[PDB]
């Protein structure tokens, strides 16, 4: 795949199935995330790989978080079923530290950029994924499951796999006119 083409046509996929990226292709995804821009080279990220019986453990963690948040039956059921929408999930935590010259939001932003880079690396190899978050990124139960300290943040659950639909190449490039001004 061409680099400019990937960037111009970057699309996510929510319908995902086996096979998951694995072995060297998963390692390529992880290294792409570690190349996220990073003010001060703080490497403010932790990555959790969720696969196989990890998905069942993730289901139990999310259900407990949904119950603890007071969600209704439908929300608890959605949390229970969430991990089985893809064969692999990578949870990205912004691991933040007190650096007076590097604001917290910049460290979080670097972790978020890692998510996007990993989705792009998936796409570049014939896989795809979708960056998901929702209210349970803020659940104490869920954050404790991902070893969050008080200043850390879950910035995404990146669902990964083989997309059921090939990424469309039949769609026009975005229009810049409403978003761009000359300063």
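Positions refer to the first chain, counted from 1.
K.L.:
According to the deposited model, is the average Cα temperature factor higher in 158 to 166 or in 171 to 179?
P.N.:
Result: 171 to 179.
K.L.:
Can you tell me whether 71 to 79 has a higher mean C-alpha B factor than 109 to 117 in this record, or the other way round?
P.N.:
Between 109 to 117 and 71 to 79, it is 71 to 79 that shows the higher mean C-alpha B-factor.
K.L.:
Highest Cα B-factor in the PDB entry belongs to which of 38, 63, 53, 138?
P.N.:
If I rank 38, 63, 53, 138 by C-alpha B-factor, first place goes to 53.
K.L.:
In terms of the CA temperature factor given in the entry, to which third of its chain does residue 142 belong: lowest, middle or highest?
P.N.:
CA B-factor rank for residue 142: lowest third.
K.L.:
Could you say whether, by C-alpha temperature factor, residue 100 belongs to the lowest, middle or highest third of its chain?
P.N.:
Answer is highest: the recorded C-alpha B-factor places it there.
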